[PDB]
Amino acid sequence: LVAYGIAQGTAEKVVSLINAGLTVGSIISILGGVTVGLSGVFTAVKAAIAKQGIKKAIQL
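What counts as what
Residues numbered from 1 in each chain as written, not as in the entry; some residues may be left out. Heavy atoms only, no water. Patch = residues over 30% accessible without salt bridge, like charges linked within 9 Å, V, L, I, M, F, W, Y side chains within 5 Å. Areas by Shrake-Rupley, 256 points an atom, 1.4 Å probe, with all protein chains shown as cover. Salt bridge = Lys/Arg side-chain N within 4 Å of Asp/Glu carboxyl O. Helix = DSSP H or I, 4+ residues; strand = E, 2+ residues; numbered from the N terminus. Buried < 20%, exposed > 50% of the residue type's maximum accessible area, 1.4 Å probe, protein only. Core = buried A, V, L, I, M, F, W, Y, C linked by side-chain atoms within 4.5 Å. Contact = heavy atoms within 4.5 Å. Arc of directions from axis to C-beta.

Structural notes on a nonpolar patch on the surface
On the surface, a cluster of nonpolar side chains totalling about 250 Å² of accessible area is made up of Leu17, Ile30 and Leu31. Tracing the backbone shows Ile30 in helix α2 (residues 24–31). On the basis of relative accessible area, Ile30 is assigned to the exposed category, the value being 55%.

Here it is, written out as structure tokens:
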């Protein structure tokens, strides 16, 4: 997220929502804006967690 472009502060917060298992659709819903774009990388990040750990997702 951070390395991609997503703010570091908001990243940690967003990651918490990912643990819910909800789809990217639920993510943008909370953003409340034209955030349509990161969804292309958010999907890949999900697998990253199980591949390593939520912590790693942050740097992403």
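After that view, the rundown keeps rolling.
A look at the nonpolar core
Listed in full, the 12 residues of the largest apolar core are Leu1, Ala11, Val14, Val15, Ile18, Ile27, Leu38, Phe42, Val45, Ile49, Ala57 and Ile58. Broken down by secondary-structure element, the contributors of at least two residues to this core are α1 (8–18), α3 (39–51) and α4 (54–59). For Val15, the contacting residues outside a window of four places in its chain are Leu1, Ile54 and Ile58.

With respect to α1
Residues of α1 that are buried: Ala11, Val14, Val15 and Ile18. Mapping the buried residues of α1 onto a view down its axis gives an arc of 110°, with all of them on the same face. Of the residues in α1, the exposed ones pointing more than 90 degrees away from the buried face are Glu12, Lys13 and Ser16. Here the buried face of α1 lies against α2, α3 and α4.

Treat this as a map of the structure, not an account of what it does.
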